Amino acid sequence: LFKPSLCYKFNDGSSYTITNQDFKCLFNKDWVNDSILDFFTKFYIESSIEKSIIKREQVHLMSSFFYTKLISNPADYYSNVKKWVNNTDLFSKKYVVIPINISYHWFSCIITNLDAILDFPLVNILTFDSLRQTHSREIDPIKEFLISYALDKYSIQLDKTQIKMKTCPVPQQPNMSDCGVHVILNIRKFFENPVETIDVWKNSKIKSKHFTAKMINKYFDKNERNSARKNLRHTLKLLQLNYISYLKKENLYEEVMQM
């Protein structure tokens, strides 16, 4: 039982509802659905903002549906998401976070250095995947998005060769259905210290593949990944219990259960 559904309010006024249908994917090794993943990427970035690790204005988090909308009609990537990005200002962000959901395979990228383009310089799309794969083909639509975005919002002519996909090492584990859990924890780790994480990835080719694997596995707490699913359940379950306490304090519990 995960009832009533969790209703969580973030400090930017946004509200998320997590139902039992969403919560139950955190059992066994079920595919992590969009609700769980978008909630937790939001959750851990807000935590980073609360701790003053980053400032709110430095980060833009896309929901997982952005990329799917982007490529829904490849005759014109930008037209697909033009309304989506109305009244955004992505090139003032230090970190633009884009989780990617393709054929039940989760991975993610983080766009850096956009805030250096306006002042003007290489845009780095930091792409990380728990499977042993590189994503040139899937990141290319994001390159074209950035070029069109730059022209549309700032009248800037942005050269594609200024935009580089960087394959960033994170713990690897071949369960595709665990990929959503790795995305959550990789993003979470990044925003406990972005500058340091960027440096770890940047220097991932200085030492041998074996030295780097140990370094990457330690930095990203690979030894805890086996239990990550359970810890996410405990976090949600706990957030729900506090919500129930709130509902019972305000005498709203019966109304919500009825509805």
# chains A, B, ... in the order shown; residues from 1 in each chain; ligands from 1
call {"tool": "residues_around", "arguments": {"residues": "segment 227-242 of chain A", "least_positions_apart": "3", "cutoff": "7 Å", "atoms": "only C-alpha atoms", "output": "list in words"}}
result
residues 6, 26, 181, 224, 245 and 246 of chain A
call {"tool": "write_last_selection", "arguments": {"atoms": "C-alpha atoms", "output": "tab-separated table (two decimals), in the first residue's frame"}}
result
chain	number	residue	atom	x	y	z
A	6	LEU	CA	2.55	11.25	-2.26
A	26	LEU	CA	11.32	0.40	-7.20
A	181	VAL	CA	18.44	3.98	-10.90
A	224	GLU	CA	26.18	1.09	-2.71
A	245	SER	CA	1.00	13.07	9.11
A	246	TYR	CA	0.46	16.46	7.51
call {"tool": "residues_around", "arguments": {"residues": "residue 49 of chain A", "least_positions_apart": "4", "cutoff": "12 Å", "atoms": "only C-alpha atoms", "output": "number ranges by chain"}}
result
A: 10-12, 42-45, 53-60, 188, 191-194
call {"tool": "residues_around", "arguments": {"residues": "segment 95-101 of chain A", "least_positions_apart": "5", "cutoff": "8 Å", "atoms": "only C-alpha atoms", "output": "number ranges by chain"}}
result
A: 58-64, 66-68, 90, 106-113, 183
call {"tool": "write_last_selection", "arguments": {"atoms": "N, CA, C and O atoms", "output": "mmCIF file, in the first residue's frame"}}
result
data_model
loop_
_atom_site.group_PDB
_atom_site.id
_atom_site.type_symbol
_atom_site.label_atom_id
_atom_site.label_comp_id
_atom_site.auth_asym_id
_atom_site.auth_seq_id
_atom_site.Cartn_x
_atom_site.Cartn_y
_atom_site.Cartn_z
ATOM 1 N N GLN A 58 21.717 28.665 -11.730
ATOM 2 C CA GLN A 58 22.790 28.016 -12.476
ATOM 3 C C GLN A 58 22.367 26.725 -13.171
ATOM 4 O O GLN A 58 23.125 26.224 -14.012
ATOM 5 N N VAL A 59 21.187 26.180 -12.856
ATOM 6 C CA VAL A 59 20.789 24.848 -13.299
ATOM 7 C C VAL A 59 19.412 24.920 -13.947
ATOM 8 O O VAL A 59 18.508 25.579 -13.427
ATOM 9 N N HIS A 60 19.245 24.226 -15.075
ATOM 10 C CA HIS A 60 17.937 23.985 -15.673
ATOM 11 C C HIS A 60 17.745 22.483 -15.861
ATOM 12 O O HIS A 60 18.537 21.832 -16.554
ATOM 13 N N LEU A 61 16.691 21.941 -15.248
ATOM 14 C CA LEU A 61 16.385 20.516 -15.304
ATOM 15 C C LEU A 61 15.258 20.295 -16.301
ATOM 16 O O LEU A 61 14.154 20.811 -16.119
ATOM 17 N N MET A 62 15.540 19.546 -17.356
ATOM 18 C CA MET A 62 14.498 19.121 -18.274
ATOM 19 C C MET A 62 13.829 17.867 -17.735
ATOM 20 O O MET A 62 14.492 16.975 -17.195
ATOM 21 N N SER A 63 12.512 17.797 -17.874
ATOM 22 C CA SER A 63 11.864 16.518 -17.634
ATOM 23 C C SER A 63 12.255 15.529 -18.732
ATOM 24 O O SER A 63 12.668 15.916 -19.835
ATOM 25 N N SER A 64 12.125 14.233 -18.421
ATOM 26 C CA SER A 64 12.481 13.203 -19.394
ATOM 27 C C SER A 64 11.688 13.322 -20.690
ATOM 28 O O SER A 64 12.159 12.866 -21.736
ATOM 29 N N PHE A 66 11.177 15.931 -22.453
ATOM 30 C CA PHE A 66 11.750 16.888 -23.395
ATOM 31 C C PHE A 66 12.437 16.181 -24.564
ATOM 32 O O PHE A 66 12.117 16.429 -25.736
ATOM 33 N N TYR A 67 13.404 15.303 -24.269
ATOM 34 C CA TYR A 67 14.142 14.666 -25.358
ATOM 35 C C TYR A 67 13.205 13.878 -26.254
ATOM 36 O O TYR A 67 13.304 13.943 -27.484
ATOM 37 N N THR A 68 12.273 13.141 -25.655
ATOM 38 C CA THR A 68 11.311 12.387 -26.450
ATOM 39 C C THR A 68 10.522 13.305 -27.378
ATOM 40 O O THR A 68 10.273 12.967 -28.541
ATOM 41 N N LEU A 90 18.326 29.154 -21.488
ATOM 42 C CA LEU A 90 19.234 28.039 -21.194
ATOM 43 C C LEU A 90 20.699 28.458 -21.193
ATOM 44 O O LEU A 90 21.501 27.890 -20.441
ATOM 45 N N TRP A 106 17.552 4.014 -20.046
ATOM 46 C CA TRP A 106 17.812 5.322 -19.462
ATOM 47 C C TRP A 106 19.299 5.657 -19.509
ATOM 48 O O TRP A 106 20.143 4.834 -19.141
ATOM 49 N N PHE A 107 19.614 6.871 -19.942
ATOM 50 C CA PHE A 107 20.905 7.485 -19.654
ATOM 51 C C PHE A 107 20.658 8.989 -19.601
ATOM 52 O O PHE A 107 19.510 9.440 -19.649
ATOM 53 N N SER A 108 21.723 9.779 -19.471
ATOM 54 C CA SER A 108 21.521 11.205 -19.243
ATOM 55 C C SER A 108 22.716 12.008 -19.744
ATOM 56 O O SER A 108 23.825 11.490 -19.895
ATOM 57 N N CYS A 109 22.485 13.293 -19.985
ATOM 58 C CA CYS A 109 23.594 14.197 -20.231
ATOM 59 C C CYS A 109 23.377 15.488 -19.452
ATOM 60 O O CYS A 109 22.282 15.774 -18.969
ATOM 61 N N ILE A 110 24.457 16.242 -19.304
ATOM 62 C CA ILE A 110 24.459 17.541 -18.649
ATOM 63 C C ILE A 110 25.249 18.481 -19.550
ATOM 64 O O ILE A 110 26.412 18.203 -19.875
ATOM 65 N N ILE A 111 24.611 19.563 -19.984
ATOM 66 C CA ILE A 111 25.231 20.510 -20.905
ATOM 67 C C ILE A 111 25.931 21.587 -20.091
ATOM 68 O O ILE A 111 25.300 22.251 -19.261
ATOM 69 N N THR A 112 27.231 21.766 -20.327
ATOM 70 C CA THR A 112 28.020 22.770 -19.629
ATOM 71 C C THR A 112 28.599 23.783 -20.613
ATOM 72 O O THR A 112 28.682 23.543 -21.823
ATOM 73 N N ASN A 113 29.012 24.928 -20.069
ATOM 74 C CA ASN A 113 29.693 26.019 -20.765
ATOM 75 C C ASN A 113 28.764 26.858 -21.639
ATOM 76 O O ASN A 113 29.263 27.736 -22.372
ATOM 77 N N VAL A 183 20.933 6.558 -13.436
ATOM 78 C CA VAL A 183 20.762 7.957 -13.823
ATOM 79 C C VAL A 183 20.510 8.816 -12.588
ATOM 80 O O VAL A 183 21.154 9.851 -12.385
#
call {"tool": "closest_residue", "arguments": {"among": "A:141, A:132, A:185, A:209", "to": "residue 173 of chain A", "atoms": "only C-alpha atoms"}}
result
A:132
call {"tool": "closest_residue", "arguments": {"among": "A:184, A:248, A:143, A:258", "to": "residue 129 of chain A", "atoms": "only C-alpha atoms"}}
result
A:184
call {"tool": "select_by_dssp", "arguments": {"residues": "segment 41-149 of chain A", "states": "strand (DSSP E)", "output": "ChimeraX atom specification"}}
result
/A:59-61,95-102,105-112,123-128
call {"tool": "select_by_dssp", "arguments": {"residues": "segment 130-215 of chain A", "states": "alpha helix (DSSP H)", "output": "PyMOL selection string"}}
result
chain A and resi 136-154+179-192+194-202+209-215
call {"tool": "write_last_selection", "arguments": {"atoms": "N, CA and C atoms", "output": "tab-separated table (two decimals), in the first residue's frame"}}
result
chain	number	residue	atom	x	y	z
A	136	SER	N	26.77	9.06	-29.73
A	136	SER	CA	26.89	10.07	-30.78
A	136	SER	C	25.57	10.31	-31.51
A	137	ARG	N	24.91	9.23	-31.96
A	137	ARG	CA	23.69	9.38	-32.74
A	137	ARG	C	22.57	10.02	-31.93
A	138	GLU	N	22.42	9.64	-30.66
A	138	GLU	CA	21.33	10.17	-29.83
A	138	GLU	C	21.61	11.58	-29.32
A	139	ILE	N	22.87	11.98	-29.21
A	139	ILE	CA	23.18	13.32	-28.75
A	139	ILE	C	23.16	14.33	-29.89
A	140	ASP	N	23.25	13.88	-31.14
A	140	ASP	CA	23.25	14.82	-32.26
A	140	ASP	C	22.00	15.69	-32.29
A	141	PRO	N	20.80	15.18	-32.02
A	141	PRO	CA	19.63	16.07	-31.96
A	141	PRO	C	19.79	17.17	-30.92
A	142	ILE	N	20.54	16.92	-29.85
A	142	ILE	CA	20.71	17.97	-28.85
A	142	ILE	C	21.65	19.04	-29.36
A	143	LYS	N	22.68	18.64	-30.12
A	143	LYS	CA	23.53	19.63	-30.78
A	143	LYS	C	22.70	20.55	-31.66
A	144	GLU	N	21.82	19.98	-32.49
A	144	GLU	CA	21.03	20.81	-33.40
A	144	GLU	C	20.05	21.68	-32.64
A	145	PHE	N	19.46	21.15	-31.56
A	145	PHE	CA	18.61	21.95	-30.69
A	145	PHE	C	19.34	23.18	-30.20
A	146	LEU	N	20.57	23.00	-29.71
A	146	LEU	CA	21.32	24.13	-29.16
A	146	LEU	C	21.61	25.17	-30.22
A	147	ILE	N	21.89	24.73	-31.44
A	147	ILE	CA	22.19	25.66	-32.51
A	147	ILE	C	20.96	26.49	-32.85
A	148	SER	N	19.81	25.83	-32.98
A	148	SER	CA	18.57	26.54	-33.27
A	148	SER	C	18.17	27.43	-32.11
A	149	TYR	N	18.27	26.90	-30.89
A	149	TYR	CA	17.97	27.69	-29.70
A	149	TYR	C	18.80	28.97	-29.68
A	150	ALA	N	20.11	28.85	-29.91
A	150	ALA	CA	20.99	30.01	-29.91
A	150	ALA	C	20.53	31.06	-30.91
A	151	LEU	N	20.16	30.62	-32.12
A	151	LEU	CA	19.73	31.56	-33.14
A	151	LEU	C	18.39	32.20	-32.76
A	152	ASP	N	17.47	31.39	-32.24
A	152	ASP	CA	16.14	31.86	-31.91
A	152	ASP	C	16.17	32.85	-30.75
A	153	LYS	N	16.80	32.48	-29.63
A	153	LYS	CA	16.67	33.32	-28.44
A	153	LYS	C	17.67	34.47	-28.43
A	154	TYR	N	18.87	34.26	-28.97
A	154	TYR	CA	19.93	35.26	-28.87
A	154	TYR	C	20.47	35.74	-30.20
A	179	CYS	N	19.10	0.89	-15.34
A	179	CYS	CA	19.66	2.16	-15.84
A	179	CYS	C	19.00	3.38	-15.21
A	180	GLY	N	17.69	3.34	-15.00
A	180	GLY	CA	17.02	4.49	-14.40
A	180	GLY	C	17.53	4.81	-13.01
A	181	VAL	N	17.90	3.78	-12.24
A	181	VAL	CA	18.44	3.98	-10.90
A	181	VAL	C	19.83	4.60	-10.98
A	182	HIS	N	20.64	4.17	-11.95
A	182	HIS	CA	21.97	4.76	-12.13
A	182	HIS	C	21.88	6.22	-12.55
A	183	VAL	N	20.93	6.56	-13.44
A	183	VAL	CA	20.76	7.96	-13.82
A	183	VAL	C	20.51	8.82	-12.59
A	184	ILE	N	19.56	8.39	-11.75
A	184	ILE	CA	19.24	9.14	-10.53
A	184	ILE	C	20.49	9.34	-9.68
A	185	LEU	N	21.25	8.27	-9.45
A	185	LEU	CA	22.38	8.38	-8.54
A	185	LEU	C	23.57	9.09	-9.17
A	186	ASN	N	23.72	9.01	-10.49
A	186	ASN	CA	24.80	9.74	-11.15
A	186	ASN	C	24.53	11.24	-11.12
A	187	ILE	N	23.28	11.63	-11.41
A	187	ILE	CA	22.90	13.03	-11.28
A	187	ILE	C	23.04	13.49	-9.84
A	188	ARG	N	22.58	12.68	-8.90
A	188	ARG	CA	22.72	13.02	-7.49
A	188	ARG	C	24.18	13.26	-7.13
A	189	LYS	N	25.07	12.36	-7.56
A	189	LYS	CA	26.48	12.52	-7.24
A	189	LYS	C	27.03	13.79	-7.88
A	190	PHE	N	26.69	14.05	-9.14
A	190	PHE	CA	27.18	15.25	-9.81
A	190	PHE	C	26.88	16.50	-8.99
A	191	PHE	N	25.66	16.61	-8.45
A	191	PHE	CA	25.24	17.83	-7.78
A	191	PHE	C	25.57	17.86	-6.29
A	192	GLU	N	26.20	16.82	-5.76
A	192	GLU	CA	26.88	17.01	-4.48
A	192	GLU	C	28.16	17.83	-4.65
A	194	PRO	N	29.57	19.64	-8.37
A	194	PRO	CA	29.69	19.64	-9.83
A	194	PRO	C	31.10	19.91	-10.34
A	195	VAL	N	31.77	20.93	-9.80
A	195	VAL	CA	33.13	21.23	-10.25
A	195	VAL	C	34.02	20.00	-10.09
A	196	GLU	N	33.94	19.35	-8.93
A	196	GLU	CA	34.79	18.18	-8.70
A	196	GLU	C	34.42	17.04	-9.64
A	197	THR	N	33.12	16.80	-9.85
A	197	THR	CA	32.71	15.73	-10.75
A	197	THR	C	33.18	16.01	-12.17
A	198	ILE	N	33.04	17.26	-12.62
A	198	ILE	CA	33.52	17.61	-13.94
A	198	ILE	C	35.01	17.31	-14.06
A	199	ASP	N	35.78	17.61	-13.01
A	199	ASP	CA	37.22	17.36	-13.05
A	199	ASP	C	37.52	15.87	-13.10
A	200	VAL	N	36.77	15.06	-12.34
A	200	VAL	CA	36.97	13.61	-12.38
A	200	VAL	C	36.79	13.09	-13.80
A	201	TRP	N	35.67	13.44	-14.43
A	201	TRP	CA	35.44	13.04	-15.81
A	201	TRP	C	36.51	13.58	-16.75
A	202	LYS	N	36.87	14.86	-16.60
A	202	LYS	CA	37.83	15.48	-17.51
A	202	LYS	C	39.14	14.70	-17.56
A	209	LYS	N	43.11	2.44	-17.99
A	209	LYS	CA	41.70	2.07	-17.86
A	209	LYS	C	41.41	1.44	-16.50
A	210	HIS	N	42.37	0.67	-15.97
A	210	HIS	CA	42.15	-0.01	-14.69
A	210	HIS	C	42.22	0.96	-13.52
A	211	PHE	N	43.23	1.84	-13.50
A	211	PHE	CA	43.27	2.88	-12.47
A	211	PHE	C	41.99	3.72	-12.50
A	212	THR	N	41.57	4.13	-13.69
A	212	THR	CA	40.39	4.99	-13.79
A	212	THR	C	39.13	4.28	-13.31
A	213	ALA	N	38.99	2.99	-13.65
A	213	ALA	CA	37.80	2.26	-13.24
A	213	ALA	C	37.68	2.24	-11.72
A	214	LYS	N	38.78	1.92	-11.02
A	214	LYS	CA	38.77	2.01	-9.56
A	214	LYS	C	38.39	3.41	-9.09
A	215	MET	N	39.00	4.43	-9.69
A	215	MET	CA	38.73	5.81	-9.29
A	215	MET	C	37.26	6.16	-9.52
call {"tool": "residues_around", "arguments": {"residues": "residue 118 of chain A", "least_positions_apart": "6", "cutoff": "9 Å", "atoms": "only C-alpha atoms", "output": "PyMOL selection string"}}
result
chain A and resi 91-92+154+156
call {"tool": "closest_residue", "arguments": {"among": "A:164, A:105, A:222, A:29", "to": "residue 176 of chain A", "atoms": "only C-alpha atoms"}}
result
A:105
call {"tool": "closest_residue", "arguments": {"among": "A:243, A:219, A:27, A:16", "to": "residue 256 of chain A", "atoms": "only C-alpha atoms"}}
result
A:243
call {"tool": "atom_distance", "arguments": {"atom1": "atom CA of residue 253 of chain A", "atom2": "atom CA of residue 9 of chain A"}}
result
16.9 Å
call {"tool": "decode", "arguments": {"residues": "segment 199-221 of chain A", "atoms": "N, CA and C atoms", "output": "mmCIF file, in the first residue's frame"}}
result
data_model
loop_
_atom_site.group_PDB
_atom_site.id
_atom_site.type_symbol
_atom_site.label_atom_id
_atom_site.label_comp_id
_atom_site.auth_asym_id
_atom_site.auth_seq_id
_atom_site.Cartn_x
_atom_site.Cartn_y
_atom_site.Cartn_z
ATOM 1 N N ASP A 199 35.781 17.607 -13.010
ATOM 2 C CA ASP A 199 37.218 17.360 -13.053
ATOM 3 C C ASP A 199 37.523 15.866 -13.095
ATOM 4 N N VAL A 200 36.773 15.060 -12.342
ATOM 5 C CA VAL A 200 36.970 13.612 -12.379
ATOM 6 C C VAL A 200 36.790 13.088 -13.797
ATOM 7 N N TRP A 201 35.671 13.440 -14.432
ATOM 8 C CA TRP A 201 35.437 13.036 -15.813
ATOM 9 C C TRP A 201 36.512 13.577 -16.747
ATOM 10 N N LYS A 202 36.869 14.860 -16.600
ATOM 11 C CA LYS A 202 37.832 15.478 -17.509
ATOM 12 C C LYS A 202 39.136 14.701 -17.556
ATOM 13 N N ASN A 203 39.598 14.207 -16.411
ATOM 14 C CA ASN A 203 40.884 13.538 -16.343
ATOM 15 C C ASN A 203 40.749 12.021 -16.401
ATOM 16 N N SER A 204 39.650 11.515 -16.957
ATOM 17 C CA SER A 204 39.432 10.072 -16.977
ATOM 18 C C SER A 204 40.311 9.355 -17.992
ATOM 19 N N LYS A 205 41.116 10.074 -18.770
ATOM 20 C CA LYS A 205 42.005 9.438 -19.732
ATOM 21 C C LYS A 205 43.481 9.624 -19.400
ATOM 22 N N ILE A 206 43.808 10.230 -18.255
ATOM 23 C CA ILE A 206 45.212 10.414 -17.895
ATOM 24 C C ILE A 206 45.834 9.091 -17.467
ATOM 25 N N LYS A 207 45.122 8.311 -16.665
ATOM 26 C CA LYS A 207 45.665 7.070 -16.147
ATOM 27 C C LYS A 207 45.139 5.891 -16.963
ATOM 28 N N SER A 208 45.597 4.693 -16.604
ATOM 29 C CA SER A 208 45.174 3.482 -17.283
ATOM 30 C C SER A 208 43.678 3.241 -17.086
ATOM 31 N N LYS A 209 43.105 2.443 -17.988
ATOM 32 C CA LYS A 209 41.700 2.066 -17.862
ATOM 33 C C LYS A 209 41.413 1.442 -16.500
ATOM 34 N N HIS A 210 42.367 0.675 -15.966
ATOM 35 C CA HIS A 210 42.152 -0.010 -14.695
ATOM 36 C C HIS A 210 42.225 0.959 -13.516
ATOM 37 N N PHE A 211 43.228 1.843 -13.498
ATOM 38 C CA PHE A 211 43.267 2.880 -12.469
ATOM 39 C C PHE A 211 41.991 3.717 -12.496
ATOM 40 N N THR A 212 41.566 4.131 -13.689
ATOM 41 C CA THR A 212 40.393 4.992 -13.790
ATOM 42 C C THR A 212 39.135 4.278 -13.310
ATOM 43 N N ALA A 213 38.991 2.994 -13.650
ATOM 44 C CA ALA A 213 37.802 2.260 -13.236
ATOM 45 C C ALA A 213 37.682 2.236 -11.717
ATOM 46 N N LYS A 214 38.776 1.921 -11.016
ATOM 47 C CA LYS A 214 38.774 2.008 -9.556
ATOM 48 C C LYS A 214 38.393 3.410 -9.088
ATOM 49 N N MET A 215 39.002 4.434 -9.688
ATOM 50 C CA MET A 215 38.726 5.812 -9.294
ATOM 51 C C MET A 215 37.257 6.161 -9.519
ATOM 52 N N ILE A 216 36.723 5.831 -10.699
ATOM 53 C CA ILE A 216 35.325 6.131 -11.002
ATOM 54 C C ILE A 216 34.389 5.340 -10.092
ATOM 55 N N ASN A 217 34.716 4.076 -9.828
ATOM 56 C CA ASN A 217 33.837 3.268 -8.991
ATOM 57 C C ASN A 217 33.778 3.805 -7.568
ATOM 58 N N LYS A 218 34.912 4.281 -7.045
ATOM 59 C CA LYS A 218 34.924 4.821 -5.692
ATOM 60 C C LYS A 218 34.190 6.156 -5.635
ATOM 61 N N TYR A 219 34.500 7.057 -6.573
ATOM 62 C CA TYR A 219 33.901 8.386 -6.560
ATOM 63 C C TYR A 219 32.380 8.316 -6.577
ATOM 64 N N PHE A 220 31.813 7.418 -7.394
ATOM 65 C CA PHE A 220 30.370 7.287 -7.561
ATOM 66 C C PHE A 220 29.754 6.211 -6.661
ATOM 67 N N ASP A 221 30.470 5.764 -5.624
ATOM 68 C CA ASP A 221 29.928 4.826 -4.628
ATOM 69 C C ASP A 221 29.346 3.568 -5.276
#
